[PDB]
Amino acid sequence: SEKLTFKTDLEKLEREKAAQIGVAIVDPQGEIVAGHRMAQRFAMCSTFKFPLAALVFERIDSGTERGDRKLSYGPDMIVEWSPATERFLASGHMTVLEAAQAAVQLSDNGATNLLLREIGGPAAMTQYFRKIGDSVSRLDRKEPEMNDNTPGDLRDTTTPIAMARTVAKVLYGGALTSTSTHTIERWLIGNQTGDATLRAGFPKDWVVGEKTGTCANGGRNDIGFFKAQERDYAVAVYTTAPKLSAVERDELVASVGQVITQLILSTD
């Protein structure tokens, strides 16, 4: 059983690394392919920036937002890890699209907060989840507090299965226009922060796009999609490994990528 090997290999990682690993892989329609702790809640941390960008694109598609609109800000908007926001600070603004791309591809926190305000805050982000059929994911705070990952806290959480299904809805389920879907796909492929995580564990001929997250108390996450030949999948990986170093957490997520690969390659 290839899925039994998948489960056993994840459990070996959990045991050896003192970690918890939540995984869901779904097909484009949200049907479950495989998972582990699929419905356990984990902090989203920076992975929510992908759904945030989808919300922004939904508004651009609708006409309630414009991609080129200039969002003015001052130094008050700069928070820890805001590389693009810092560079654009002197100019005085970033456009909606510039900010969204920085949030997705650099995990820029200042850019994330800039957008959060424009779309209606954590309440509005949560309403977007509900709109697209995700009754589970919730945003309660902005940057940086949403990354606290206090044990047991249900604020700012999702589950692997809820998030994988949200990814599939956005990329394959018609949530966005064809143009906006293509753009957000390319942004995920071109992400600058995920070279050592999930995609490091996937075959080099698979098309992979993802959004990473790192939060306190040992959280390391990676969500997105992969295309293995003609077959498209959505995937969400959330891990908690308090006793690993940062490099080791990256390697853990890459290891999960290899376990996913072994399953996908053995089931075709």
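Residue numbers here begin at 1 and follow the sequence given.
Student: Identify the stretch, either 19 to 27 or 5 to 13, whose C-alpha atoms have the larger mean B-factor according to the entry.
Tutor: Higher mean C-alpha B-factor in the PDB entry: 5 to 13.
Student: Can you tell me which stretch has the higher mean Cα B-factor, 73 to 81 or 105 to 113?
Tutor: Mean CA B-factor is higher for 73 to 81.
Student: Per the PDB entry, which option out of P160, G92, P144, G194 has the greatest Cα B factor?
Tutor: Of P160, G92, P144, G194, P144 has the highest C-alpha B-factor.
Student: Which has the highest CA B-factor per the PDB entry: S137, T150, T183, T166?
Tutor: Highest C-alpha B-factor among the listed residues goes to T150.
Student: Grab the CA temperature factor for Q229 from the record and place it in the lowest, middle or highest third of its chain.
Tutor: Its C-alpha B-factor, which the entry lists for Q229, ranks in the highest third among residues of this chain.
Student: Classify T240 as lowest, middle or highest third according to the C-alpha B-factor given in the PDB entry, relative to its own chain.
Tutor: Answer is middle: the recorded C-alpha B-factor places it there.
Student: For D68, return the chain-relative third of its C-alpha B-factor as stated in the PDB record: lowest, middle or highest.
Tutor: It belongs to the highest third of the chain when residues are ordered by C-alpha B-factor.
Student: Ranked by Cα temperature factor within the chain, is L171 in the lowest third, the middle third or the highest third?
Tutor: Middle third, going by the recorded CA B-factors of the chain.
Student: Should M44 be placed in the lowest, middle or highest third of its chain by the C-alpha B factor in the entry?
Tutor: According to the entry, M44 has a C-alpha B-factor in the chain's middle third.
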